[PDB]
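Below is one structure, written out as structure tokens, with a few remarks after it.
Letters A, B, ... mirror the listed sequences (proteins, then strands); counts begin at 1. No hydrogens, no waters, no symmetry mates; every other heavy atom, side chains included, goes into these values. Counting convention: from 1, in listed order, for ligands and their atoms alike.
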Amino acid sequence: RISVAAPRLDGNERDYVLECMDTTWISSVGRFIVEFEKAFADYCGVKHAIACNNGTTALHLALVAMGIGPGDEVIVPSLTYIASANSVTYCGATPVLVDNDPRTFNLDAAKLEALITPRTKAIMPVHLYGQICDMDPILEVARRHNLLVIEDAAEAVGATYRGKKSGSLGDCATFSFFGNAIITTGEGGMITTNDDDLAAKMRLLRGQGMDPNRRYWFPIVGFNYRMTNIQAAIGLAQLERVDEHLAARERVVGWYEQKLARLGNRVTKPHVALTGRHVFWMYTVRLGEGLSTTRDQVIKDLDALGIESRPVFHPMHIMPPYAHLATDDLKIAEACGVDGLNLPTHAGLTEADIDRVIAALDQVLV
Amino acid sequence: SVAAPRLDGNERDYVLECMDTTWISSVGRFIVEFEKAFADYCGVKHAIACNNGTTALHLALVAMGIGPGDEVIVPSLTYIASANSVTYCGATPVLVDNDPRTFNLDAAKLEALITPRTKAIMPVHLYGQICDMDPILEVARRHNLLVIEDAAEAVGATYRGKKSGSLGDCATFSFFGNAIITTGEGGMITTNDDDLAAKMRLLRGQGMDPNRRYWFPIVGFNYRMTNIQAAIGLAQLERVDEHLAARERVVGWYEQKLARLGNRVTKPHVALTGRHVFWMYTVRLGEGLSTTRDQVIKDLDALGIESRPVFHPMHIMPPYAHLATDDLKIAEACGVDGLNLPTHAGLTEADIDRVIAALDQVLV
Ligand SMILES: Cc1ncc(COP(=O)(O)O)c(CN[C@H]2[C@H](O)[C@H](O)[C@@H](OP(=O)(O)OP(=O)(O)OC[C@H]3O[C@@H](n4cnc5c(=O)[nH]c(N)nc54)[C@H](O)[C@@H]3O)O[C@@H]2C)c1O
Ligand SMILES: Cc1ncc(COP(=O)(O)O)c(CN[C@H]2[C@H](O)[C@H](O)[C@@H](OP(=O)(O)OP(=O)(O)OC[C@H]3O[C@@H](n4cnc5c(=O)[nH]c(N)nc54)[C@H](O)[C@@H]3O)O[C@@H]2C)c1O
């Protein structure tokens with residue numbers, strides 16, 4: 001069996017976790033937290049990193065700290081994982097869906113301007129599959145409208161864009177450390193920012209809105225979105241070998257790049273923009289429109305051959321919760337939801353492994 | 001330490017099993033095993049593990065249909081999450097006073113607060129003591145209201161032969177580091193209602209349709225517990241009686257020495273409706289005293305003795321001051337004079353004494 005993603009706990013994870021257990025610091029109180037944060041902040045080259053329980057709560061906490069609320073509009077790509085839009089909804093705000101680029105799958109900056117209104121407060125570029133959005137044109141449209149930018153970098157730890165790491169481009173950014181992620185904590189998330197004020201607000205809200213100086217004295221309504229010492233310990237040990245893990249994944253992409261040619265025009269290989277490092281959290285192809293099969297059957301057929309795969313997201317506006325947000329200008333997102341396929345991408349796959357997926361695809365793409 | 005975890009069971013092993021098999025996220029068999037074991041322990045049909053006690057309250061309320069325009073009765077005297085959870089739904093907390101001895105929701109003050117908007121009542125079992133449920137459940141029945149127990153601090157408590165978590169339409173617990181059963185951070189919802197449980201599971205899991213990769217029929221949350229968390233909780237639950245017994249010992253100790261103290265403090269009232277687990281041993285400091293409750297904490301600390309104030313009621317703090325009424329006097333009185341003394345399984349009778357050295361050397 002070839003799994004689509006899998007962690008590679010080949011560092012201090014086990015030992016750092018035993019330290020947690022042995023010292024009994026297993027809750028959201030512990031040394032690993034601030035250490036994983038600091039190390040994470042260094043890695044992104046930002047001033048602050050705020051560890052959360054998951055990528056979804058990281059998004060929600062960031063938005064609320066940014067002051068997003070009822071009446072506000074936040075521009076979000078329709079093609080993304082639902083938490084991007086849900087996080088806006090939790091705030092009482094309205095997601096304003098935008099189309100993406102047919103090759104990078106990312107928010108198409110040329111389509112932003114027209115979506116801007118008196119209620120717009122922020123734009124949420126989402127760096128799908130490990131590739132960062134074309135940030136230059138996005139920030140200049142934002143700057144021109146005095147809008148905030150929050151990167152949804154859930155799937156992009158380690159990616160770079162014109163010398164800056166994902167996480168250091170927008171006013172703030174969030175990451176996920178779910179089990180299939182480049183860096184995992186089992187479940188976990190992180191917000192990054194260089195804004196002191198924003199960081200304090202996030203921390204205050206993350207820790208139940210409690211006055212740090214007054215036990216049980218709460219100036220505002222907050223949340224319980226803290227990460228545990230155990231999650232942080234695993235995260236620390238993972239980031240410790242982030243380069244190694246990134247290398248392994250690049251090793252895999254190369255095989256894909258080297259052997260995909262075998263399928264000819266049957267798939268479109270992921271386009272890599274030349275702006276910085278694409279970390280390939282997943283290697284995603286667009287199946288040729290010529291095939292007779294459907295993307296879903298291919299998924300079935302690969303599974304039947306003992307090969308895991310995932311569909312590129314169903315766009316927000318085609319699903320029940322956000323169908324009310326549909327517009328006539330979300331066509332690339334739909335096209336992409338129909339023909340995209342994430343292929344197995346993880347540090348444990350072997351050349352052979354790849355050969356197997358390629359052979360399976362050669363076989364199933366018809 | 002006012003509280004501390006007691007990891008003297010299979011926690012480490014169960015955790016190394018998640019590391020060793022690599023199931024460390026919110027997929028692992030420990031999650032369902034812990035839920036099953038916990039449900040059985042509570043004597044209920046379903047248990048839904050969550051990432052903490054606060055999200056467990058939120059999830060429960062949302063799954064109960066609580067929303068904008070609804071009202072939920074909540075004691076002013078409680079941990080803030082009880083009220084915030086209602087706020088998250090866009091609902092309005094309607095504060096009620098508590099009993100001066102048990103610190104729990106005063107059932108006699110309930111019917112007066114019911115309105116056309118009331119959809120539920122949230123009795124909070126503070127300090128390991130279950131509210132006086134009978135009346136609470138009748139008033140609710142009478143008004144067709146739902147009851148959600150915030151049982152965060154009361155795992156193992158019993159009321160008339162029934163365990164906390166099995167009395168209302170649903171209930172929630174917290175497994176924070178200082179709890180009777182801990183998972184580091186973690187929570188659970190219990191219920192006998194199949195519909196409710198299904199809805200809670202759907203929402204807990206990002207609203208995803210379990211049979212369609214990335215197909216979501218509703219807006220959910222990411223409120224899942226990790227396999228590692230459930231592994232720790234399964235292990236702790238395994239030794240629940242053992243941990244409860246240890247607390248009982250510490251308790252018998254306080255009880256038997258509090259006396260030296262006479263009346264500069266008031267010992268915790270224990271209702272005889274079932275077992276009081278004493279997540280914390282809480283006294284109300286004596287009226288006459290020249291010092292202040294926070295000075296006692298302060299002093300207590302300098303002496304290297306950790307303690308916590310009984311909660312400041314919601315209505316006196318900024319987020320909920322607009323909900324103040326003139327009939328939350330007991331809450332305020334308790335917030336003023338209440339004190340939780342270190343209460344945990346790793347404390348010694350010596351520990352106690354010394355706690356007491358200071359309590360005598362400090363109640364002025
Ligand atoms: C743009 C964006 N924004 C925000 C978010 C939200 O972040 P978060 O999920 O709240 O942290 C996300 C989150 N995206 C992830 C989510 O975290 C989500 O959970 C995930 O859905 P999934 O594909 O259905 O996840 P899965 O089927 O549970 O796990 C995928 C593979 O990873 C493996 N795996 C997961 N956990 C483990 C583990 O602990 N151990 C091992 N060995 N394998 C694991 C599974 O066995 C599968 O092979 O994939 C999504 C694309 C995002 O993409
Ligand atoms: C009625 C009610 N409803 C809902 C909730 C919310 O549930 P949750 O917190 O969302 O799970 C709660 C939550 N109550 C707890 C909260 O979970 C909470 O965080 C806690 O606040 P705190 O007093 O400020 O907690 P602390 O100072 O961080 O920890 C207290 C002691 O426990 C220790 N401790 C915590 N975690 C660990 C650990 O992992 N290991 C060790 N050795 N000690 C630990 C600390 O060092 C302290 O000595 O006390 C509150 C009463 C509740 O009471």
Side-chain angles (χ1 to χ4, degrees), chain A residues 3-7 9 20 23-30 52-59 80-84 86-87 126-129 152-156 174-181 184 186-189 207-208 210 215-216 223-224 226 228-230 281-282 308 310 313 342 344 346 348, chain B residues 1-5 7 18 21-28 50-57 78-82 85 124-126 150-154 172-179 182 184-187 206 208 213-214 221-222 224 226-227 279-280 306 308 311 340 342 344 346:
Chain A
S3 293
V4 82
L9 306 184
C20 288
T23 59
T24 70
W25 295 109
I26 61 166
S27 70
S28 59
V29 165
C52 303
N53 58 178
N54 58 71
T56 299
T57 66
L59 276 164
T80 182
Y81 179 72
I82 201 161
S84 305
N86 279 358
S87 64
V126 185
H127 304 329
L128 288 192
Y129 320 128
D152 184 353
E155 306 175 8
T174 57
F175 292 81
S176 166
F177 302 130
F178 183 56
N180 56 18
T184 192
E187 288 271 7
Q208 299 280 25
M210 197 172 84
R215 188 72 42 186
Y216 308 161
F223 307 114
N224 185 349
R226 282 166 175 135
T228 69
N229 207 34
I230 288 189
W281 161 64
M282 284 289 131
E308 199 165 39
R310 295 285 183 267
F313 311 104
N342 303 306
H346 63 87
Chain B
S1 170
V2 73
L7 312 177
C18 300
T21 53
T22 77
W23 295 103
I24 58 160
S25 71
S26 52
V27 278
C50 296
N51 53 182
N52 54 62
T54 298
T55 64
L57 274 158
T78 176
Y79 188 66
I80 204 162
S82 304
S85 61
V124 177
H125 306 325
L126 289 181
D150 180 350
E153 315 175 357
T172 63
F173 298 83
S174 165
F175 306 124
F176 177 57
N178 63 3
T182 188
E185 281 276 1
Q206 292 286 25
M208 207 185 62
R213 193 62 51 183
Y214 315 146
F221 306 114
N222 176 357
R224 277 168 329 235
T226 65
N227 205 30
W279 167 57
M280 276 296 122
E306 188 191 54
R308 290 265 184 282
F311 308 119
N340 309 128
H344 71 82

Applying a heavy-atom cut-off of 4.0 Å, say which part of [X] lies close to ligand 1: side chain, backbone, both or neither.
{"X": "A:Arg310", "value": "side chain"}
{"X": "A:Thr56", "value": "both"}
{"X": "A:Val126", "value": "side chain"}
{"X": "B:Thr22", "value": "both"}

Enumerate the atoms of ligand 2 whose separation from the nearest heavy atom of B:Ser1 is less than 4.0 angstrom. 48 (O)

With a cut-off of 4.0 Å, which atoms of ligand 2 are near a heavy atom of B:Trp279? 51 (C)

Over all atoms of both residues, closest heavy-atom pair of [X] and [Y]:
{"X": "A:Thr184", "Y": "A:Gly186", "answer": "OG1-N, 3.1 Å"}
{"X": "B:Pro5", "Y": "B:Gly177", "answer": "CD-O, 3.5 Å"}
{"X": "A:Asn229", "Y": "A:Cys20", "answer": "ND2-SG, 3.5 Å"}
{"X": "A:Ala5", "Y": "A:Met282", "answer": "CB-CE, 3.4 Å"}
{"X": "B:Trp279", "Y": "B:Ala179", "answer": "NE1-CA, 3.9 Å"}
{"X": "B:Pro342", "Y": "B:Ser1", "answer": "CB-O, 3.5 Å"}

Among all protein heavy atoms in this structure, tell me which lies nearest to [atom], with the distance rounded to 0.1 Å.
{"atom": "atom 36 (N) of ligand 2", "result": "A:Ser27 OG, 2.7 Å"}
{"atom": "atom 20 (C) of ligand 2", "result": "B:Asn178 ND2, 3.6 Å"}
{"atom": "atom 53 (O) of ligand 2", "result": "B:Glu153 OE2, 2.5 Å"}
{"atom": "atom 33 (C) of ligand 2", "result": "B:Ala3 O, 3.7 Å"}
{"atom": "atom 12 (C) of ligand 2", "result": "B:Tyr79 CD2, 3.2 Å"}
{"atom": "atom 24 (O) of ligand 2", "result": "A:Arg215 NH1, 2.8 Å"}
{"atom": "atom 25 (O) of ligand 2", "result": "B:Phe176 CE2, 3.6 Å"}
{"atom": "atom 9 (O) of ligand 2", "result": "A:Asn224 ND2, 3.7 Å"}

Give yes or no for whether the N/O distance cutoff of 3.5 Å, strictly under, is met between [X] and ligand 2.
{"X": "B:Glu185", "answer": "no"}
{"X": "B:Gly53", "answer": "yes"}
{"X": "A:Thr23", "answer": "no"}
{"X": "B:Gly177", "answer": "no"}
{"X": "A:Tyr216", "answer": "yes"}

Distance-only, no hydrogens or angles: does the A:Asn342 side chain make a donor-acceptor pair with backbone N or O of A:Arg310 under 3.5 Å? yes

Is the side chain of A:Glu308 donor-acceptor paired with the backbone N or O of A:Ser3 at a distance under 3.5 Å, no angle test? no

May I ask whether B:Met208 has any heavy atom positioned less than 4.0 angstrom from an atom of ligand 1? no

So if I count the atoms of ligand 1 from 1 in the order they appear, which ones are less than 4.0 Å from some heavy atom of [X]?
{"X": "A:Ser176", "result": "7 (O), 8 (P), 11 (O)"}
{"X": "A:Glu308", "result": "47 (C), 48 (O)"}
{"X": "A:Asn54", "result": "10 (O), 11 (O)"}
{"X": "A:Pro7", "result": "40 (N), 41 (C), 42 (N), 43 (N)"}

Find out whether B:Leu126 and B:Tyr79 are in side-chain contact, i.e. whether some heavy atom of one side chain is under 4.5 Å from a heavy atom of the other. no

Do A:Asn224 and A:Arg226 have side-chain atoms, one donor and one acceptor, less than 3.5 Å apart? no

Do B:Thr226 and A:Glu187 have side-chain N/O donor and acceptor atoms under 3.5 Å apart? no

To the nearest 0.5 Å, tell me how far [X] [atom1] sits from [Y] [atom2].
{"X": "B:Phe176", "Y": "A:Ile26", "atom1": "CZ", "atom2": "CD1", "value": "10.0 Å"}
{"X": "A:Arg215", "Y": "A:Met210", "atom1": "CZ", "atom2": "CE", "value": "4.5 Å"}
{"X": "B:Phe175", "Y": "A:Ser27", "atom1": "CZ", "atom2": "OG", "value": "15.0 Å"}

For ligand 1, which is the ligand I care about here, please tell me if B:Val27 has any N or O atom under 3.5 Å from one of the ligand's N or O atoms. no

Between A:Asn86 and A:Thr56, does the side-chain contact (heavy atoms from CB on, under 4.5 Å) criterion hold? Intermediate values first, please. CA-CA 8 Å; A:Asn86 279 358; A:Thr56 299; 5.6 Å; no

Nearest heavy atom to [atom]: which of [options] does it belong to?
{"atom": "atom 1 (C) of ligand 1", "options": "A:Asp152, A:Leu9, A:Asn86", "answer": "A:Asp152"}
{"atom": "atom 2 (C) of ligand 1", "options": "A:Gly189, B:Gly28, A:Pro344, A:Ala154", "answer": "A:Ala154"}
{"atom": "atom 38 (C) of ligand 1", "options": "A:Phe175, B:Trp23, B:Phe221, A:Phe177", "answer": "B:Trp23"}

Let's go through B:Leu57 and B:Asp150 carefully: what are the C-alpha distance in whole Å and the side-chain angles of both, what is the deciding distance for side-chain contact (heavy atoms from CB on, under 4.5 Å) to 0.1 Å, and is it a yes or a no? CA-CA 7 Å; B:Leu57 274 158; B:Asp150 180 350; 3.6 Å; yes

Would a 4.0 Å cut-off, counted as strictly less than, catch a protein heavy atom around atom 45 (C) of ligand 2? no

Taking 4.0 Å as the limit for heavy-atom contacts, which would you say applies to A:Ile26 with ligand 2: side chain only, backbone only, both, or neither? both

Relative to each other, are the rings of B:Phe311 and A:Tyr216 parallel, tilted or perpendicular (30° and 60° limits)? tilted

